[PDB]
Amino acid sequence: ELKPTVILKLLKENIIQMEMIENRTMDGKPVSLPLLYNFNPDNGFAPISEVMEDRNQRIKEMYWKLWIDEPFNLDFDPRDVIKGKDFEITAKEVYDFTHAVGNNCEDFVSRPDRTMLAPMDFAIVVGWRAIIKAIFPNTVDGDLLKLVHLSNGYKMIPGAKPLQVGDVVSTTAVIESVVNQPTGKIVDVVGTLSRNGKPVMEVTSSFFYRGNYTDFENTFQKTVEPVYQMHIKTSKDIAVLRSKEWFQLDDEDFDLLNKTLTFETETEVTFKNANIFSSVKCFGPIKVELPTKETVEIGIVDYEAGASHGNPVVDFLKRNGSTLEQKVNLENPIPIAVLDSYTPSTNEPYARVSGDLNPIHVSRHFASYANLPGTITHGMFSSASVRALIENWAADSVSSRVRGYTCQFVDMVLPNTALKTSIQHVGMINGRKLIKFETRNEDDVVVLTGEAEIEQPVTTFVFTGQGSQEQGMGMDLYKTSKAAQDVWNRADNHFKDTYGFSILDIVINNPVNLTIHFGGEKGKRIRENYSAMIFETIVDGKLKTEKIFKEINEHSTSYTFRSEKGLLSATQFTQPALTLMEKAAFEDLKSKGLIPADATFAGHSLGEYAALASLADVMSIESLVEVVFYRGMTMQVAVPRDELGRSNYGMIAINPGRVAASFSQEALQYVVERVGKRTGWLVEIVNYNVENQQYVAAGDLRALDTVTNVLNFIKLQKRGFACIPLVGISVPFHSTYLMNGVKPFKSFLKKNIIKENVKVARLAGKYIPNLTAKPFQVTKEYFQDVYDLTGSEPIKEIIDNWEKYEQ
Amino acid sequence: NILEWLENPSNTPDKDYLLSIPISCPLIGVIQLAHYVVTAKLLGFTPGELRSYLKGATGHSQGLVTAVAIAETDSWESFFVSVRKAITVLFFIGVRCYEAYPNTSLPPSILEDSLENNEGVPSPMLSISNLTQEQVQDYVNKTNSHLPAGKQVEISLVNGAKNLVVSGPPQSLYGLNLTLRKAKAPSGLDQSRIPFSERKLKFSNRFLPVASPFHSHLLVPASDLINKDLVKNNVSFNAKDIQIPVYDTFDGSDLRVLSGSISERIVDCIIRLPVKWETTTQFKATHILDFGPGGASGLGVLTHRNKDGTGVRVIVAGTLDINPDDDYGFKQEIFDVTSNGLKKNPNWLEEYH
Amino acid sequence: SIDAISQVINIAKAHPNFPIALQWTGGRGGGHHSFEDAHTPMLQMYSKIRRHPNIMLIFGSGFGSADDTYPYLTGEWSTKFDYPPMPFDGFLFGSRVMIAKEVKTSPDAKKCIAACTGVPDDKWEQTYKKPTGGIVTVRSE
Amino acid sequence: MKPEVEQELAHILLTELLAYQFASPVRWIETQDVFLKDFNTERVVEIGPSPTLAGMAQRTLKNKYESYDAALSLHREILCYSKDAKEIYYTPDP
Ligand SMILES: Cc1cc2nc3c(=O)[nH]c(=O)nc-3n(C[C@H](O)[C@H](O)[C@H](O)COP(=O)(O)O)c2cc1C
């Protein structure tokens with residue numbers, strides 16, 4: 001229909017009023033912006049001038065009527081926090097929004113047996129009122145008709161679920177920074193959407209008031225600096241750091257020497273003019289890296305200054321430290337897709353769903369008055385449309401996979417325009433894919449850019465156990481990767497200093513024999529290390545402290561490790577080497593941002609120990625290789641041996657589906673159980689690997705030899721036929737033979753496993769132990785299962801006294 | 001604005017929007033009514049006379065509405081009344097069935113996987129040929145055991161002994177397709193030297209050009225809406241008004257003897273119950289006129305293949321063409337005045353008795 | 001096989017007036033035999049064959065009496081497969097006459113033949129592996 | 001329970017599990033079940049010098065989850081660090 005858009009009259013005898021009317025309001029009542037002009041007949045060349053006093057106030061009053069449903073009041077503090085009204089998400093609203101922005105993800109479409117999610121872009125619908133109320137205050141003065149939306153961003157808070165229909169959301173908004181620039185005034189706003197009292201996501205919106213501003217007393221800025229790292233090498237560095245007045249450590253006697261420090265600071269500044277600051281405040285915590293790679297706060301950065309030309313703290317950290325960057329670029333971008341998209345023919349539906357009733361998108365006269373190329377489409381519509389594209393393609397239409405999305409509006413877009421967006425996988429960040437996109441219009445002009453953070457597909461990391469340890473394992477990564485080098489070098493240094501041998505040497509060269517020489521002071525210290533270690537055991541409920549290396553006494557000048565074809569096969573050297581290979585590989589993966597934060601993990605035999613060090617970081621590298629070497633040596637002395645390091649026991653892999661197509665596991669578990677019972681020796685099943693296809697038995701190498709023969713006789717009626725020998729094993733691992741050690745082993749681990757180095761959040765629901773094939777949980781049911789299978793007294797002390805601990 | 005689209009092909013919406021059921025249901029009804037009109041007009045007959053020449057009528061899913069509406073016609077004045085009834089029913093079927101289960105984008109990985117294996121674009125209806133109903137039901141059960149209740153699939157169209165169609169969510173049908181291609185031999189496999197009993201069964205599958213799971217549990221919630229709407233729109237079919245047998249698509253029974261509302265039964269058959277085409281077609285007739293869309297790829301050719309060797313002739317009234325095999329007629333055969341207008345298909349039991 | 005039947009149809013089409021006797025036999029016949037079922041290829045190709053009036057349809061491979069051929073003469077055989085009746089034009093009997101008085105089979109050979117019991121059609125395929133009904137399958141040169 | 005008491009209990013549990021693991025059988029069957037069905041997993045990454053557990057998981061999938069994987073449309077990916085570097089690091093060759 002036809003309605004009055006503009007009226008022109010004489011509001012006075014000398015004042016012309018042009019009342020520009022917007023009809024598409026929230027209430028349906030039209031809103032008028034009165035533009036006032038002076039008519040001066042004396043100046044015949046230009047009799048009409050514009051009345052500037054309060055023009056910005058009139059424009060803001062119009063936009064307040066259009067956008068904010070609260071009483072008009074422009075006198076509130078920008079430094080304060082704006083609180084938004086509670087929002088109830090409904091299926092109708094999600095439907096309307098998704099249809100307006102052209103998002104056809106099934107997660108948002110109502111379906112039976114599935115609650116419907118709301119799209120990430122719905123956060124603007126939720127928090128637009130609070131976000132846009134930030135640019136109104138009279139201290140942040142500007143022409144709203146020249147307001148430009150520079151960029152918008154969404155950021156899911158880690159561990160927060162996506163919005164869903166039925167949620168009640170609360171919005172809070174604060175201005176992060178408002179600074180005057182020569183081309184105008186930038187206002188950066190941060191909104192926080194909270195569900196049930198917990199925050200869900202953060203919205204960052206950057207606005208631009210084009211013009212010339214010099215009211216620097218109203219301006220301020222806040223920047224989260226990149227984290228800076230410093231390796232304190234020499235006493236010179238300590239002295240210089242202690243000279244800086246801002247560098248404050250709580251423990252004045254802390255030893256910075258050979259320590260890695262990280263500084264994470266924030267700078268709050270006010271301005272006196274374009275070039276100079278009127279106040280500078282840099283602050284934050286100082287943290288120190290630990291042997292377990294966990295950083296702990298040791299002090300606070302604290303710099304406060306008045307008039308200044310810069311921040312000295314950031315300059316010092318830039319020049320002396322290095323900046324840690326979370327994002328890690330792939331060596332080559334991986335193209336995902338190039339897609340076609342189109343702008344709607346009317347901007348009204350998006351305005352109505354989003355509440356963004358800016359006239360420039362719908363009203364021709366307002367857009368002409370603003371000198372725009374037309375009724376430009378909302379930038380936020382374009383952002384939502386491109387995010388729908390990215391979600392469909394980059395995230396394979398799995399909505400929850402998209403955790404972050406930021407866009408920059410580099411140019412305006414008119415309705416009925418063909419857009420072409422190109423999507424690329426460029427890097428990783430904290431286990432999430434980094435997607436860049438760039439949208440061009442028909443003229444081939446970039447109109448929109450941004451990035452996205454897509455979570456990886458659900459992942460499980462699985463760590464291999466003892467097996468065929470090959471010469472040179474992990475050495476290519478050792479040559480190329482810096483994290484691998486760190487792991488291997490720390491371990492090799494510890495081994496050289498403590499036991500006079502290099503594990504790297506054993507991996508690289510695999511010597512048949514290795515002699516340790518106890519000459520000199522260092523030799524004597526190494527000999528003492530060898531002498532100390534023991535193999536405690538429980539006999540009939542009594543400790544029996546043996547000594548490993550009975551040949552080594554205070555008159556020994558050397559000791560020789562022996563083998564047949566190479567010591568890399570020996571247990572004490574194979575276990576630490578495999579642990580290091582796996583830890584190094586995982587550290588390299590972590591250093592490239594490839595480890596999902598929710599990745600569950602497990603390890604097969606030895607792998608379990610390595611997996612905990614890699615994902616849980618329960619012990620430092622030096623402790624890890626130390627305990628594995630102690631355990632490996634214990635195994636050598638658990639079984640009687642001979643020269644070249646051999647044993648009477650052994651292990652074989654069994655394929656029950658090879659003796660007969662109808663030989664169930666419970667049948668094999670029956671035969672082996674009886675064979676040992678019907679023969680009085682030790683033999684059992686140690687590894688259930690593949691259903692009815694892979695079982696490993698451990699025991700006497702003679703007894704195992706009968707087991708294969710018997711099954712070979714079973715397979716004759718209704719290597720080996722069904723029993724291949726697992727090379728590299730020389731002890732009955734996972735057998736009741738080793739039950740005595742479990743007591744000393746527990747004491748040795750309870751010693752070495754530091755109480756404070758175990759983070760439940762790193763284990764709960766992620767770690768699946770081999771003892772109980774159930775994800776780790778600190779619950780009575782878990783401890784009950786542990787006690788059930790393998791009775792342990794401390795466990796049931798936890799059980800029987802649970803009420804005491806739970807409270 | 002169908003008139004605008006017909007006038008200017010350049011400004012006709014794209015194929016996918018046309019194919020959406022709220023469009024294609026009434027449009028296909030209109031196509032069928034228009035073909036019925038041309039036949040009558042050319043034969044210098046009124047709709048009532050042409051219907052009186054028919055021993056009976058029936059339809060394949062959506063076509064049942066057109067069948068009953070045609071059975072309603074009496075003269076050129078009441079023909080528009082019947083047409084309004086039919087297209088009203090179809091329009092509301094399309095609208096409510098699209099509202100109940102609207103189509104949503106499929107992950108592009110699945111699209112790529114389906115294309116790379118000589119398979120079509122997934123849709124809510126899968127056509128499986130050269131397999132018994134028991135085998136297809138076996139595969140359907142296997143697939144459905146792993147799926148929740150709301151995503152289960154089912155057989156919708158029992159077109160023939162070896163011709164079946166499964167309706168359900170495109171994702172579930174894709175999973176079923178994965179199972180099927182894990183159990184299908186390559187077409188270019190030679191088994192002439194292998195014993196027949198041990199031969200690996202060969203078959204084919206493809207996705208139909210449709211955009212809704214007809215005859216499926218998913219559209220069940222729309223039945224009450226459709227029934228409640230038709231009573232308001234003043235659409236109803238009376239058994240007295242129908243004057244030729246119209247066969248129900250579930251049991252092939254005559255709709256005129258139905259005790260309840262014929263419109264309710266028609267909508268139930270379209271959206272919920274499966275089509276047992278062989279059961280519906282058990283009538284005895286010499287000639288069958290196919291007005292439905294598809295031409296040589298329509299329901300007439302399927303019915304001809306089902307009924308081969310029983311002395312039944314199929315004429316596809318919708319298209320003009322020449323059949324080299326000459327086993328079924330085209331539009332011309334309906335109007336030919338020579339003997340060429342009367343062609344009898346072979347009845348083996350009688351010819352080679 | 002099916003392709004052979006198509007070739008026969010093409011021959012008959014090239015000479016529409018010349019009579020062609022399509023002697024169809026399954027893999028269950030005596031002597032040299034194939035791997036084909038006796039019924040499925042006919043159920044597939046009967047219509048195509050009857051498109052051509054000059055083809056005469058003979059059925060063989062497994063017949064020895066009027067009782068077991070009459071269903072094929074009347075076409076009632078194909079109804080068990082849920083098909084319309086498909087009558088045939090004639091039958092051939094190879095094995096059935098090998099113990100006829102005028103054949104040159106040796107008397108002990110005739111007794112050996114008669115002593116074979118044979119097997120029903122659903123089990124004829126069990127000659128590729130072991131004797132069944134006194135008959136087995138072996139490979140030629 | 002309090003975070004400190006929770007950490008104490010977790011430490012006790014972890015020490016007990018590690019202590020008893022080497023003297024009790026390794027239930028890789030239940031673990032493969034857990035992380036292939038109870039969590040599902042589109043990528044299983046084996047950290048080791050050879051594809052042992054990768055082969056184990058591939059066999060388990062082939063023998064216990066063909067129909068379930070097909071029905072639920074999972075594009076599972078079994079990768080071993082030793083042989084599958086490109087897919088682990090997203091470095092496909094040009
Ligand atoms: C002993 C014997 C010899 C045969 N020799 C030939 C032959 O030389 N050429 C040929 O085309 N078919 C030959 N056949 C196949 C027959 O012509 C006929 O197809 C077959 O015997 C019919 O199957 P039936 O034995 O079950 O009755 C022979 C069959 C038998 C039993």
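We use all heavy atoms of the structure for the numbers below, so side chains are in, but hydrogens, waters and symmetry mates are not. Protein chains get the first letters and strands the later ones, always in sequence-line order, with residue 1 at the start of each.
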Knowing that exactly one of C:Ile49, C:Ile11, C:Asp89 qualifies, which makes a side chain to side chain contact (heavy atoms under 4.5 Å, CB included) with C:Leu22? C:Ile49
Work out which heavy atom in C:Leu73 is nearest to a heavy atom in C:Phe88; give both atom names and the distance. CD1-O, 4.0 Å
Main-chain N/O of C:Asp37 paired to C:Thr40 side chain as donor or acceptor, under 3.5 Å: no
Would B:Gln191 and B:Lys200 satisfy side chain to side chain contact (heavy atoms under 4.5 Å, CB included), going step by step from the backbone distance to the final call? CA-CA 8 Å; B:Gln191 303 187 76; B:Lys200 209 212 194 243; 3.9 Å; yes
Work out which heavy atom in B:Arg206 is nearest to a heavy atom in B:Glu119; give both atom names and the distance. CA-OE2, 3.4 Å
Has B:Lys307 got a side-chain atom pairing as donor or acceptor with B:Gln282's backbone, closer than 3.5 angstrom? no
For a quick test of reading the model, state the closest non-hydrogen atom pair linking B:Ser114 to B:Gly120 and the distance between them. OG-O, 2.6 Å
Between B:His215 and B:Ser61, which heavy-atom pair has the shortest distance, and what is it? NE2-CB, 3.3 Å
Determine whether a donor-acceptor pair (N or O, by modelled atom type, separation under 3.5 Å) exists between the side chain of C:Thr127 and the backbone of C:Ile135. no
Neighbour count >12 (heavy atoms, 6.0 Å) for atom NZ, B:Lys142: no
Look only at the side chain of B:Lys55 and the backbone of B:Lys284, and say whether a donor-acceptor pair between them is shorter than 3.5 Å. yes
If you apply the rule side chain to side chain contact (heavy atoms under 4.5 Å, CB included), what do you find for D:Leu61 with D:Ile78, and how did you get there? CA-CA 10 Å; D:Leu61 287 176; D:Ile78 311 305; 3.9 Å; yes
Measuring from atom NZ of C:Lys48 to atom CG of B:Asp325, what distance do you get when rounded to the nearest 0.5 angstrom? 8.5 Å
Smallest separation among heavy atoms of B:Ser123 and B:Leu208, with atom names: OG-O, 3.0 Å
Not counting sequence neighbours, which residues clear ring-ring contact (aromatic ring centres under 6.0 Å, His included) with B:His287? List them please. none
Is the centre of the C:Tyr83 ring less than 6.0 Å from the centre of the C:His39 ring? no
Do A:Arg658 and A:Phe663 have side-chain heavy atoms sitting under 4.5 Å apart? no
Do you see a donor-acceptor pair shorter than 3.5 Å between the side chains of A:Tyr695 and A:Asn655? no
Do the side-chain N and O atoms of C:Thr25 and C:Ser61 include a donor-acceptor pair separated by under 3.5 angstrom? no
With no hydrogens and no angle check, is any side-chain donor or acceptor of B:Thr143 less than 3.5 Å from a backbone partner on D:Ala71? no
Please round to the nearest 0.5 Å and tell me the distance separating atom CD1 of B:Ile128 and atom OG of B:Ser204. 9.5 Å
Any side-chain donor near an acceptor of the partner, B:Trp277 and B:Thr249, under 3.5 Å: no
D:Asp69 bridged to D:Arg76 by N-O distance under 4.0 Å: yes
Side chain C:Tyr128, main chain B:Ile194, donor-acceptor under 3.5 Å: no
Supply the atom-to-atom distance B:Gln135 CD to B:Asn130 CG, rounded to the nearest 0.5 angstrom. 8.5 Å
Salt bridge flag under 4.0 Å for residues B:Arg199 and C:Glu36: yes
Within the 3.5 Å criterion, strictly below it, is a donor on B:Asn306 or B:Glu278 matched to an acceptor on the partner's side chain? yes
Could you tell me whether the side chains of B:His146 and D:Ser67 share a donor-acceptor contact shorter than 3.5 Å? yes
B:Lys276 side chain vs B:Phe250 backbone, donor-acceptor pair below 3.5 Å: yes
Out of D:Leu72, D:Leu74, D:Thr60, which residue meets the side chain to side chain contact (heavy atoms under 4.5 Å, CB included) rule with D:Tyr65? D:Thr60
Please confirm whether the backbone N or O of C:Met86 pairs with a side-chain atom of C:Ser78, one donor and one acceptor, at under 3.5 Å? yes
For residues 65-74 of chain C, which residue pairs pass the salt bridge (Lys or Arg N to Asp or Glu O under 4.0 Å) check, not counting sequence neighbours? none
Under 3.5 Å, is there a donor-acceptor pair linking the side chains of B:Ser192 and B:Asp190? yes
Test your reading of the model: is there a side-chain donor-acceptor pair from C:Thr117 to the backbone of C:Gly133, 3.5 Å cut-off? no
Within the 4.5 Å heavy-atom criterion, are B:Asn205 and B:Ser127 side-chain neighbours or not? no
Go through the side-chain N and O atoms of B:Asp336 and B:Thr338 and say whether any donor and acceptor fall under 3.5 Å apart. yes
Test item: B:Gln332 side-chain N/O and B:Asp321 main-chain N/O as donor-acceptor pair under 3.5 Å: yes
Report all side-chain donor-acceptor pairs from residues 345-352 of chain B shorter than 3.5 Å, counting only partners two or more places apart or in another chain.
{"residue": "B:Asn345", "atom": "OD1", "partner": "B:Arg313", "partner atom": "NH1", "Å": "2.9"}
{"residue": "B:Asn345", "atom": "ND2", "partner": "B:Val312", "partner atom": "O", "Å": "2.7"}
{"residue": "B:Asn345", "atom": "ND2", "partner": "B:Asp327", "partner atom": "O", "Å": "3.1"}
{"residue": "B:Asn347", "atom": "OD1", "partner": "B:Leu349", "partner atom": "N", "Å": "3.1"}
{"residue": "B:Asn347", "atom": "OD1", "partner": "B:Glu350", "partner atom": "N", "Å": "3.3"}
{"residue": "B:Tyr352", "atom": "OH", "partner": "C:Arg50", "partner atom": "O", "Å": "3.4"}

Which atom pairs, one a donor and one an acceptor, fall under 3.5 Å between side chains of residues 155-162 of chain B and the rest of the protein, sequence neighbours left out?
{"residue": "B:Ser156", "atom": "OG", "partner": "B:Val165", "partner atom": "O", "Å": "3.1"}
{"residue": "B:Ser156", "atom": "OG", "partner": "B:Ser167", "partner atom": "N", "Å": "3.4"}

If you look only at distance, which donor and acceptor atoms sit under 3.5 Å apart when one is on a side chain in residues 93-110 of chain C and the other is two or more places apart or in another chain?
{"residue": "C:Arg96", "atom": "NE", "partner": "C:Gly64", "partner atom": "O", "Å": "3.3"}
{"residue": "C:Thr105", "atom": "OG1", "partner": "C:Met98", "partner atom": "O", "Å": "3.3"}
{"residue": "C:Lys110", "atom": "NZ", "partner": "C:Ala100", "partner atom": "O", "Å": "3.0"}

Are C:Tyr72 and C:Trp77 close enough, and set up right, to give a side chain to side chain contact (heavy atoms under 4.5 Å, CB included), and what steps lead you there? CA-CA 5 Å; C:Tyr72 297 84; C:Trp77 69 278; 3.6 Å; yes
If I take atom CD from residue C:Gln7 and atom CD1 from residue C:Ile2, how far apart are they, to the nearest 0.5 angstrom? 14.0 Å
Cut-off 3.5 Å, no hydrogens considered: what does the side-chain donor-acceptor table look like for residues 51-59 of chain C, sequence neighbours left out?
{"residue": "C:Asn54", "atom": "ND2", "partner": "C:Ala12", "partner atom": "O", "Å": "3.2"}
{"residue": "C:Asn54", "atom": "ND2", "partner": "C:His15", "partner atom": "O", "Å": "3.2"}
{"residue": "C:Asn54", "atom": "ND2", "partner": "C:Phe18", "partner atom": "O", "Å": "2.9"}

